[PDB]
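Student: So here's data_11.cif (mmCIF, N, CA and C atoms).
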```cif
data_work
loop_
_atom_site.label_atom_id
_atom_site.label_comp_id
_atom_site.auth_asym_id
_atom_site.auth_seq_id
_atom_site.Cartn_x
_atom_site.Cartn_y
_atom_site.Cartn_z
N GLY A 140 8.03 10.01 -15.20
CA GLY A 140 7.37 11.34 -14.91
C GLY A 140 6.01 11.19 -14.21
N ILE A 141 5.94 10.23 -13.29
CA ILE A 141 4.68 9.96 -12.53
C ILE A 141 4.53 11.10 -11.49
N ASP A 142 3.31 11.62 -11.33
CA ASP A 142 2.99 12.65 -10.34
C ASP A 142 2.40 11.97 -9.11
N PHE A 143 3.25 11.74 -8.12
CA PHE A 143 2.83 11.12 -6.86
C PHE A 143 2.18 12.13 -5.94
N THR A 144 1.04 12.62 -6.35
CA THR A 144 0.20 13.52 -5.51
C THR A 144 -1.22 12.96 -5.53
N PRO A 145 -1.83 12.83 -4.34
CA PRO A 145 -3.19 12.27 -4.32
C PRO A 145 -4.19 13.19 -4.94
N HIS A 146 -5.25 12.60 -5.48
CA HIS A 146 -6.30 13.34 -6.19
C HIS A 146 -6.90 14.41 -5.28
N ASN A 147 -7.03 14.10 -4.01
CA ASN A 147 -7.56 15.03 -3.01
C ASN A 147 -7.08 14.63 -1.62
N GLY A 148 -7.59 15.31 -0.58
CA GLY A 148 -7.22 15.04 0.80
C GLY A 148 -7.94 13.95 1.53
N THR A 149 -8.70 13.13 0.85
CA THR A 149 -9.34 11.98 1.51
C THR A 149 -8.29 10.91 1.75
N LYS A 150 -7.93 10.69 3.01
CA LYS A 150 -6.83 9.81 3.34
C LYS A 150 -7.27 8.87 4.40
N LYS A 151 -7.11 7.57 4.19
CA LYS A 151 -7.35 6.53 5.19
C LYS A 151 -6.08 6.07 5.78
N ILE A 152 -5.99 6.13 7.11
CA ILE A 152 -4.81 5.57 7.80
C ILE A 152 -5.17 4.22 8.38
N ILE A 153 -4.30 3.22 8.16
CA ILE A 153 -4.46 1.90 8.73
C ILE A 153 -3.38 1.78 9.71
N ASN A 154 -3.69 1.78 11.00
CA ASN A 154 -2.69 1.81 12.08
C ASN A 154 -3.13 1.08 13.32
N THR A 155 -4.01 0.10 13.15
CA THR A 155 -4.44 -0.72 14.30
C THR A 155 -4.23 -2.18 13.96
N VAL A 156 -4.20 -3.04 14.99
CA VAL A 156 -3.90 -4.47 14.79
C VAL A 156 -4.90 -5.15 13.88
N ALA A 157 -6.19 -4.93 14.15
CA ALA A 157 -7.27 -5.62 13.40
C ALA A 157 -7.18 -5.25 11.93
N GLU A 158 -6.89 -3.99 11.62
CA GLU A 158 -6.82 -3.57 10.19
C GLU A 158 -5.55 -4.06 9.51
N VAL A 159 -4.44 -4.02 10.22
CA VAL A 159 -3.20 -4.54 9.66
C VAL A 159 -3.31 -6.03 9.36
N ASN A 160 -4.00 -6.75 10.23
CA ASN A 160 -4.17 -8.18 10.05
C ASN A 160 -4.87 -8.54 8.72
N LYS A 161 -5.70 -7.66 8.19
CA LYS A 161 -6.42 -7.90 6.93
C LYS A 161 -5.53 -7.79 5.69
N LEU A 162 -4.31 -7.26 5.84
CA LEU A 162 -3.49 -6.90 4.69
C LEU A 162 -2.84 -8.09 3.99
N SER A 163 -2.85 -9.24 4.64
CA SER A 163 -2.30 -10.45 4.07
C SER A 163 -3.22 -11.06 2.99
N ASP A 164 -4.42 -10.51 2.85
CA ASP A 164 -5.37 -10.95 1.80
C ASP A 164 -4.74 -10.86 0.42
N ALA A 165 -4.75 -11.97 -0.34
CA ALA A 165 -4.06 -12.01 -1.62
C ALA A 165 -4.61 -11.02 -2.62
N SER A 166 -5.86 -10.67 -2.45
CA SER A 166 -6.53 -9.74 -3.34
C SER A 166 -6.42 -8.31 -2.90
N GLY A 167 -5.81 -8.08 -1.74
CA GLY A 167 -5.75 -6.73 -1.19
C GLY A 167 -7.12 -6.14 -0.96
N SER A 168 -8.08 -6.97 -0.56
CA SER A 168 -9.47 -6.53 -0.52
C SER A 168 -9.74 -5.32 0.39
N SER A 169 -9.09 -5.25 1.56
CA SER A 169 -9.38 -4.15 2.48
C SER A 169 -8.83 -2.85 1.97
N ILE A 170 -7.63 -2.89 1.38
CA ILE A 170 -7.06 -1.68 0.76
C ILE A 170 -7.99 -1.23 -0.35
N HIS A 171 -8.47 -2.21 -1.17
CA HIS A 171 -9.36 -1.90 -2.27
C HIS A 171 -10.63 -1.17 -1.76
N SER A 172 -11.22 -1.72 -0.70
CA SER A 172 -12.47 -1.16 -0.11
C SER A 172 -12.22 0.29 0.39
N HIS A 173 -11.10 0.49 1.07
CA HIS A 173 -10.77 1.84 1.57
C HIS A 173 -10.47 2.85 0.49
N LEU A 174 -9.99 2.38 -0.66
CA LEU A 174 -9.73 3.26 -1.78
C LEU A 174 -10.96 3.67 -2.57
N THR A 175 -12.09 3.01 -2.31
CA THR A 175 -13.32 3.42 -2.99
C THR A 175 -13.76 4.81 -2.54
N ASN A 176 -13.48 5.16 -1.29
CA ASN A 176 -13.86 6.49 -0.74
C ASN A 176 -12.69 7.40 -0.35
N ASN A 177 -11.46 6.97 -0.65
CA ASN A 177 -10.25 7.72 -0.35
C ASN A 177 -9.29 7.74 -1.51
N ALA A 178 -8.60 8.86 -1.66
CA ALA A 178 -7.55 9.03 -2.68
C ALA A 178 -6.26 8.33 -2.31
N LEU A 179 -6.02 8.18 -1.02
CA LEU A 179 -4.81 7.56 -0.49
C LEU A 179 -5.09 6.73 0.73
N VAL A 180 -4.45 5.55 0.79
CA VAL A 180 -4.42 4.72 2.02
C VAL A 180 -3.00 4.75 2.51
N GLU A 181 -2.80 5.01 3.80
CA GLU A 181 -1.46 5.08 4.42
C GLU A 181 -1.43 4.02 5.54
N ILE A 182 -0.55 3.06 5.39
CA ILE A 182 -0.45 1.93 6.30
C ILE A 182 0.74 2.08 7.18
N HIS A 183 0.50 1.99 8.49
CA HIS A 183 1.59 2.08 9.49
C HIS A 183 1.73 0.74 10.18
N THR A 184 2.79 -0.02 9.85
CA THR A 184 3.12 -1.23 10.61
C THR A 184 4.01 -0.82 11.78
N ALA A 185 3.97 -1.58 12.85
CA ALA A 185 4.75 -1.28 14.05
C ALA A 185 5.00 -2.55 14.79
N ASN A 186 5.87 -2.49 15.83
CA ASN A 186 6.03 -3.64 16.69
C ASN A 186 4.67 -3.99 17.33
N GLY A 187 4.33 -5.27 17.22
CA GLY A 187 3.05 -5.75 17.71
C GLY A 187 1.90 -5.53 16.74
N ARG A 188 2.20 -4.98 15.57
CA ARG A 188 1.18 -4.57 14.61
C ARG A 188 1.72 -4.73 13.21
N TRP A 189 1.89 -5.99 12.82
CA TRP A 189 2.68 -6.38 11.64
C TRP A 189 2.13 -7.61 10.98
N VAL A 190 2.25 -7.68 9.67
CA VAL A 190 2.10 -8.94 8.97
C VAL A 190 3.22 -9.09 7.98
N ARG A 191 3.53 -10.33 7.63
CA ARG A 191 4.64 -10.61 6.71
C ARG A 191 4.43 -10.17 5.29
N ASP A 192 3.26 -10.47 4.73
CA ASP A 192 3.02 -10.25 3.32
C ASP A 192 1.87 -9.33 3.18
N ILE A 193 2.03 -8.33 2.32
CA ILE A 193 1.00 -7.38 2.03
C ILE A 193 0.80 -7.26 0.53
N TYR A 194 -0.46 -7.39 0.10
CA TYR A 194 -0.76 -7.42 -1.33
C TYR A 194 -1.52 -6.17 -1.77
N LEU A 195 -1.02 -5.47 -2.79
CA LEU A 195 -1.80 -4.37 -3.33
C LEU A 195 -2.88 -4.93 -4.29
N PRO A 196 -4.10 -4.38 -4.22
CA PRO A 196 -5.18 -4.87 -5.08
C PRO A 196 -5.01 -4.49 -6.55
N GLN A 197 -5.77 -5.16 -7.44
CA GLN A 197 -5.85 -4.79 -8.83
C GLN A 197 -7.30 -4.52 -9.17
N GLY A 198 -7.53 -3.63 -10.13
CA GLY A 198 -8.88 -3.39 -10.64
C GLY A 198 -9.03 -2.02 -11.20
N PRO A 199 -10.04 -1.85 -12.03
CA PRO A 199 -10.26 -0.61 -12.72
C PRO A 199 -10.47 0.61 -11.82
N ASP A 200 -11.21 0.44 -10.73
CA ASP A 200 -11.57 1.54 -9.88
C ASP A 200 -10.41 2.12 -9.06
N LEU A 201 -9.22 1.53 -9.23
CA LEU A 201 -7.99 2.00 -8.52
C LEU A 201 -7.24 3.09 -9.29
N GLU A 202 -7.73 3.47 -10.44
CA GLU A 202 -7.09 4.46 -11.27
C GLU A 202 -6.76 5.74 -10.51
N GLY A 203 -5.48 6.10 -10.52
CA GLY A 203 -4.97 7.29 -9.85
C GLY A 203 -4.85 7.21 -8.34
N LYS A 204 -5.25 6.10 -7.77
CA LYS A 204 -5.19 5.91 -6.33
C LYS A 204 -3.76 5.68 -5.87
N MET A 205 -3.52 5.95 -4.56
CA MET A 205 -2.17 5.86 -3.97
C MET A 205 -2.18 5.07 -2.67
N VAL A 206 -1.05 4.44 -2.40
CA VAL A 206 -0.83 3.73 -1.13
C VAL A 206 0.54 4.10 -0.60
N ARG A 207 0.59 4.53 0.65
CA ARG A 207 1.85 4.82 1.34
C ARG A 207 2.04 3.83 2.46
N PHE A 208 3.27 3.36 2.65
CA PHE A 208 3.66 2.49 3.81
C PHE A 208 4.67 3.21 4.64
N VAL A 209 4.49 3.15 5.96
CA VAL A 209 5.48 3.59 6.93
C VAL A 209 5.70 2.52 7.96
N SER A 210 6.90 1.93 7.97
CA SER A 210 7.19 0.83 8.90
C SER A 210 7.95 1.33 10.14
N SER A 211 7.40 1.00 11.30
CA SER A 211 8.17 1.12 12.56
C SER A 211 8.28 -0.27 13.19
N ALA A 212 8.12 -1.31 12.37
CA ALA A 212 8.17 -2.72 12.83
C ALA A 212 9.57 -3.28 12.59
N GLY A 213 10.15 -3.87 13.61
CA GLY A 213 11.46 -4.54 13.48
C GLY A 213 11.46 -5.62 12.43
N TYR A 214 10.41 -6.42 12.37
CA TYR A 214 10.28 -7.41 11.31
C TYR A 214 10.02 -6.79 9.97
N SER A 215 10.62 -7.33 8.94
CA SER A 215 10.38 -6.85 7.59
C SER A 215 9.09 -7.45 7.03
N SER A 216 8.56 -6.80 6.02
CA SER A 216 7.37 -7.23 5.31
C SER A 216 7.73 -7.22 3.80
N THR A 217 6.96 -7.97 3.03
CA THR A 217 7.09 -7.94 1.57
C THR A 217 5.80 -7.32 1.06
N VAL A 218 5.92 -6.28 0.21
CA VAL A 218 4.77 -5.70 -0.48
C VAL A 218 4.76 -6.18 -1.90
N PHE A 219 3.69 -6.85 -2.28
CA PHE A 219 3.50 -7.39 -3.62
C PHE A 219 2.63 -6.43 -4.42
N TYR A 220 3.10 -6.10 -5.63
CA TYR A 220 2.39 -5.16 -6.47
C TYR A 220 2.55 -5.58 -7.93
N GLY A 221 1.46 -6.04 -8.53
CA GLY A 221 1.55 -6.67 -9.86
C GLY A 221 2.49 -7.86 -9.86
N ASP A 222 3.44 -7.87 -10.80
CA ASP A 222 4.45 -8.92 -10.93
C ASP A 222 5.69 -8.63 -10.09
N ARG A 223 5.68 -7.50 -9.35
CA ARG A 223 6.84 -7.04 -8.56
C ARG A 223 6.62 -7.20 -7.08
N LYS A 224 7.70 -7.13 -6.34
CA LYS A 224 7.65 -7.11 -4.89
C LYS A 224 8.84 -6.24 -4.38
N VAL A 225 8.67 -5.73 -3.16
CA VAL A 225 9.68 -4.91 -2.54
C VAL A 225 9.64 -5.18 -1.04
N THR A 226 10.79 -5.16 -0.41
CA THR A 226 10.88 -5.32 1.05
C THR A 226 10.61 -3.98 1.79
N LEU A 227 9.73 -4.04 2.77
CA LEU A 227 9.44 -2.93 3.64
C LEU A 227 10.13 -3.22 4.96
N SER A 228 11.22 -2.52 5.23
CA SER A 228 12.01 -2.79 6.43
C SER A 228 11.82 -1.65 7.43
N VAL A 229 12.25 -1.89 8.64
CA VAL A 229 12.07 -0.91 9.72
C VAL A 229 12.68 0.46 9.35
N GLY A 230 11.93 1.52 9.59
CA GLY A 230 12.43 2.85 9.32
C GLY A 230 12.28 3.30 7.89
N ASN A 231 11.47 2.62 7.10
CA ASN A 231 11.30 2.95 5.71
C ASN A 231 9.86 3.38 5.35
N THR A 232 9.79 4.23 4.34
CA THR A 232 8.52 4.68 3.77
C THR A 232 8.53 4.23 2.31
N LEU A 233 7.40 3.73 1.83
CA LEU A 233 7.22 3.35 0.44
C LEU A 233 5.97 4.05 -0.10
N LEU A 234 5.93 4.35 -1.40
CA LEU A 234 4.79 5.04 -1.98
C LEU A 234 4.46 4.49 -3.38
N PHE A 235 3.19 4.24 -3.65
CA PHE A 235 2.68 3.62 -4.86
C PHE A 235 1.53 4.43 -5.43
N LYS A 236 1.42 4.44 -6.77
CA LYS A 236 0.31 5.02 -7.50
C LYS A 236 -0.09 4.11 -8.67
N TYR A 237 -1.40 3.94 -8.89
CA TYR A 237 -1.92 3.06 -9.91
C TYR A 237 -2.26 3.91 -11.15
N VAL A 238 -1.63 3.62 -12.27
CA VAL A 238 -1.84 4.38 -13.49
C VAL A 238 -2.11 3.40 -14.63
N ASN A 239 -3.27 3.57 -15.25
CA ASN A 239 -3.69 2.76 -16.40
C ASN A 239 -3.49 1.28 -16.16
N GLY A 240 -3.90 0.82 -14.97
CA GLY A 240 -3.96 -0.61 -14.69
C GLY A 240 -2.72 -1.22 -14.06
N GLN A 241 -1.74 -0.39 -13.66
CA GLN A 241 -0.49 -0.88 -13.08
C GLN A 241 -0.05 0.01 -11.89
N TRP A 242 0.45 -0.63 -10.82
CA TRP A 242 1.06 0.08 -9.74
C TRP A 242 2.48 0.53 -10.11
N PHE A 243 2.81 1.78 -9.81
CA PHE A 243 4.14 2.33 -9.92
C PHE A 243 4.64 2.66 -8.51
N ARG A 244 5.84 2.23 -8.19
CA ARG A 244 6.50 2.54 -6.94
C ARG A 244 7.44 3.73 -7.12
N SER A 245 7.28 4.72 -6.26
CA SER A 245 8.16 5.89 -6.24
C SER A 245 9.59 5.48 -6.01
N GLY A 246 10.45 5.87 -6.94
CA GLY A 246 11.88 5.54 -6.83
C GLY A 246 12.29 4.26 -7.54
N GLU A 247 11.34 3.59 -8.18
CA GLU A 247 11.62 2.34 -8.90
C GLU A 247 12.68 2.49 -10.01
N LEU A 248 12.59 3.52 -10.83
CA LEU A 248 13.60 3.77 -11.88
C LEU A 248 14.96 4.17 -11.24
#
```
Let me see whether you can do it: turn the structure in this file into structure tokens.
Tutor:
Amino acid sequence: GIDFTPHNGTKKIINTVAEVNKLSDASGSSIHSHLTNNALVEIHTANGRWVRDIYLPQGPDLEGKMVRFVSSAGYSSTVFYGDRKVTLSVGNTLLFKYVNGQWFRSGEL
């Protein structure tokens, strides 16, 4: 019964090469930084704008925060979230929310 609605309309879009390139950070540091001032980060991978591995951050200040992925990249990516991982393939959208110290993926159950 998770409510996948952002706290407000502050939304960061990551849709350029330089920003996508930061997403391979094991700590998810750039996503973490963008979530300090935004309720939601939405990442758009595309052809020419892709990385293989993407890590969601952990930490207290992520409470209620959300991350959306939209892939238009032919290459697949792996999104790591806590002890779990999921494949982000071309033409797919993924959505996550952090509740009481854990990421929940929409549609996981």
Student: Where does the PyMOL selection byres (((chain A and resi 166 and name CA) around 12) and name CA) land in this file, that is, which residues does it pick, as number ranges by chain?
Tutor: A: 161-165, 167-172, 192-198, 219-221
Student: Report, in Å with one decimal, the straight-line distance from CA of residue 176 in chain A to CA of residue 190 in chain A.
Tutor: 24.2 Å
Student: Using the chain letters and numbers from this file, what does the PyMOL selection byres ((chain A and resi 203) around 6) select? Give the answer as a PyMOL selection string.
Tutor: chain A and resi 201-202+204-205+236-239
Student: Those selected residues, please, written with N, CA and C atoms and delivered as a PDB file, in the coordinates of the input.
Tutor:
```pdb
ATOM      1  N   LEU A 201      -9.220   1.530  -9.230  1.00  0.00           N
ATOM      2  CA  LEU A 201      -7.990   2.000  -8.520  1.00  0.00           C
ATOM      3  C   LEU A 201      -7.240   3.090  -9.290  1.00  0.00           C
ATOM      4  N   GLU A 202      -7.730   3.470 -10.440  1.00  0.00           N
ATOM      5  CA  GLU A 202      -7.090   4.460 -11.270  1.00  0.00           C
ATOM      6  C   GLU A 202      -6.760   5.740 -10.510  1.00  0.00           C
ATOM      7  N   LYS A 204      -5.250   6.100  -7.770  1.00  0.00           N
ATOM      8  CA  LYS A 204      -5.190   5.910  -6.330  1.00  0.00           C
ATOM      9  C   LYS A 204      -3.760   5.680  -5.870  1.00  0.00           C
ATOM     10  N   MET A 205      -3.520   5.950  -4.560  1.00  0.00           N
ATOM     11  CA  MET A 205      -2.170   5.860  -3.970  1.00  0.00           C
ATOM     12  C   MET A 205      -2.180   5.070  -2.670  1.00  0.00           C
ATOM     13  N   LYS A 236       1.420   4.440  -6.770  1.00  0.00           N
ATOM     14  CA  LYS A 236       0.310   5.020  -7.500  1.00  0.00           C
ATOM     15  C   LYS A 236      -0.090   4.110  -8.670  1.00  0.00           C
ATOM     16  N   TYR A 237      -1.400   3.940  -8.890  1.00  0.00           N
ATOM     17  CA  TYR A 237      -1.920   3.060  -9.910  1.00  0.00           C
ATOM     18  C   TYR A 237      -2.260   3.910 -11.150  1.00  0.00           C
ATOM     19  N   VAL A 238      -1.630   3.620 -12.270  1.00  0.00           N
ATOM     20  CA  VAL A 238      -1.840   4.380 -13.490  1.00  0.00           C
ATOM     21  C   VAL A 238      -2.110   3.400 -14.630  1.00  0.00           C
ATOM     22  N   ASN A 239      -3.270   3.570 -15.250  1.00  0.00           N
ATOM     23  CA  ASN A 239      -3.690   2.760 -16.400  1.00  0.00           C
ATOM     24  C   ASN A 239      -3.490   1.280 -16.160  1.00  0.00           C
TER      25      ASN A 239
END
```
Student: Quick one: DSSP strand (DSSP E or B) residues in range 149-198 of chain A, as number ranges by chain?
Tutor: A: 150-153, 179-185, 188, 192-194
Student: I need the residues from that last selection saved to file as a PDB file, keeping the file's coordinate frame (with N, CA and C atoms), if you can.
Tutor:
```pdb
ATOM      1  N   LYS A 150      -7.930  10.690   3.010  1.00  0.00           N
ATOM      2  CA  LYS A 150      -6.830   9.810   3.340  1.00  0.00           C
ATOM      3  C   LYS A 150      -7.270   8.870   4.400  1.00  0.00           C
ATOM      4  N   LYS A 151      -7.110   7.570   4.190  1.00  0.00           N
ATOM      5  CA  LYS A 151      -7.350   6.530   5.190  1.00  0.00           C
ATOM      6  C   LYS A 151      -6.080   6.070   5.780  1.00  0.00           C
ATOM      7  N   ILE A 152      -5.990   6.130   7.110  1.00  0.00           N
ATOM      8  CA  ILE A 152      -4.810   5.570   7.800  1.00  0.00           C
ATOM      9  C   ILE A 152      -5.170   4.220   8.380  1.00  0.00           C
ATOM     10  N   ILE A 153      -4.300   3.220   8.160  1.00  0.00           N
ATOM     11  CA  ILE A 153      -4.460   1.900   8.730  1.00  0.00           C
ATOM     12  C   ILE A 153      -3.380   1.780   9.710  1.00  0.00           C
ATOM     13  N   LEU A 179      -6.020   8.180  -1.020  1.00  0.00           N
ATOM     14  CA  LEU A 179      -4.810   7.560  -0.490  1.00  0.00           C
ATOM     15  C   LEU A 179      -5.090   6.730   0.730  1.00  0.00           C
ATOM     16  N   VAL A 180      -4.450   5.550   0.790  1.00  0.00           N
ATOM     17  CA  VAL A 180      -4.420   4.720   2.020  1.00  0.00           C
ATOM     18  C   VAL A 180      -3.000   4.750   2.510  1.00  0.00           C
ATOM     19  N   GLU A 181      -2.800   5.010   3.800  1.00  0.00           N
ATOM     20  CA  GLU A 181      -1.460   5.080   4.420  1.00  0.00           C
ATOM     21  C   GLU A 181      -1.430   4.020   5.540  1.00  0.00           C
ATOM     22  N   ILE A 182      -0.550   3.060   5.390  1.00  0.00           N
ATOM     23  CA  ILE A 182      -0.450   1.930   6.300  1.00  0.00           C
ATOM     24  C   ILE A 182       0.740   2.080   7.180  1.00  0.00           C
ATOM     25  N   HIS A 183       0.500   1.990   8.490  1.00  0.00           N
ATOM     26  CA  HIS A 183       1.590   2.080   9.490  1.00  0.00           C
ATOM     27  C   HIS A 183       1.730   0.740  10.180  1.00  0.00           C
ATOM     28  N   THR A 184       2.790  -0.020   9.850  1.00  0.00           N
ATOM     29  CA  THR A 184       3.120  -1.230  10.610  1.00  0.00           C
ATOM     30  C   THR A 184       4.010  -0.820  11.780  1.00  0.00           C
ATOM     31  N   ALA A 185       3.970  -1.580  12.850  1.00  0.00           N
ATOM     32  CA  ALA A 185       4.750  -1.280  14.050  1.00  0.00           C
ATOM     33  C   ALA A 185       5.000  -2.550  14.790  1.00  0.00           C
ATOM     34  N   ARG A 188       2.200  -4.980  15.570  1.00  0.00           N
ATOM     35  CA  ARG A 188       1.180  -4.570  14.610  1.00  0.00           C
ATOM     36  C   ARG A 188       1.720  -4.730  13.210  1.00  0.00           C
ATOM     37  N   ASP A 192       3.260 -10.470   4.730  1.00  0.00           N
ATOM     38  CA  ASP A 192       3.020 -10.250   3.320  1.00  0.00           C
ATOM     39  C   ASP A 192       1.870  -9.330   3.180  1.00  0.00           C
ATOM     40  N   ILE A 193       2.030  -8.330   2.320  1.00  0.00           N
ATOM     41  CA  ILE A 193       1.000  -7.380   2.030  1.00  0.00           C
ATOM     42  C   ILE A 193       0.800  -7.260   0.530  1.00  0.00           C
ATOM     43  N   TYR A 194      -0.460  -7.390   0.100  1.00  0.00           N
ATOM     44  CA  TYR A 194      -0.760  -7.420  -1.330  1.00  0.00           C
ATOM     45  C   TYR A 194      -1.520  -6.170  -1.770  1.00  0.00           C
TER      46      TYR A 194
END
```
Student: Any idea what the distance is between CA of residue 199 in chain A and atom C of residue 240 in chain A?
Tutor: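 Computing the Euclidean distance for CA of residue 199 in chain A and atom C of residue 240 in chain A yields 7.7 Å.
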Student: What residues come out when you apply the PyMOL selection byres ((chain A and resi 231) around 7) to this file, written as JSON, numbers by chain?
Tutor: {"A": [208, 209, 210, 211, 227, 228, 229, 230, 232, 233]}
Student: How many Å lie between atom C of residue 225 in chain A and atom C of residue 200 in chain A, rounded to one decimal?
Tutor: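 Straight-line distance from atom C of residue 225 in chain A to atom C of residue 200 in chain A works out to 22.8 Å.
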Student: When you look at residue 188 in chain A with a cut-off of 7 Å (counting only N, CA and C atoms), what residues show up, excluding the ones that are within fewer than 3 positions of it in the same chain? I need them as a PyMOL selection string.
Tutor: chain A and resi 155-156+159-160+183-185+212
Student: Enumerate as a PyMOL selection string all residues of range 140-218 of chain A assigned to alpha helix (DSSP H) by DSSP on the backbone, naming them with the chain letters and numbers the document uses.
Tutor: chain A and resi 156-160+168-174
Student: Mind checking which residues fall within 6 Å of residue 235 in chain A, counting only C-alpha atoms, ignoring those fewer than 2 positions away in the same chain, and posting them as a list in words?
Tutor: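 My reading of the contact set: residues 205, 206, 243 and 244 of chain A.
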Student: Export N, CA and C atoms of the chosen residues as a PDB file, in the coordinates of the input?
Tutor:
```pdb
ATOM      1  N   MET A 205      -3.520   5.950  -4.560  1.00  0.00           N
ATOM      2  CA  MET A 205      -2.170   5.860  -3.970  1.00  0.00           C
ATOM      3  C   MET A 205      -2.180   5.070  -2.670  1.00  0.00           C
ATOM      4  N   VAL A 206      -1.050   4.440  -2.400  1.00  0.00           N
ATOM      5  CA  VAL A 206      -0.830   3.730  -1.130  1.00  0.00           C
ATOM      6  C   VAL A 206       0.540   4.100  -0.600  1.00  0.00           C
ATOM      7  N   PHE A 243       2.810   1.780  -9.810  1.00  0.00           N
ATOM      8  CA  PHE A 243       4.140   2.330  -9.920  1.00  0.00           C
ATOM      9  C   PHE A 243       4.640   2.660  -8.510  1.00  0.00           C
ATOM     10  N   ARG A 244       5.840   2.230  -8.190  1.00  0.00           N
ATOM     11  CA  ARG A 244       6.500   2.540  -6.940  1.00  0.00           C
ATOM     12  C   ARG A 244       7.440   3.730  -7.120  1.00  0.00           C
TER      13      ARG A 244
END
```
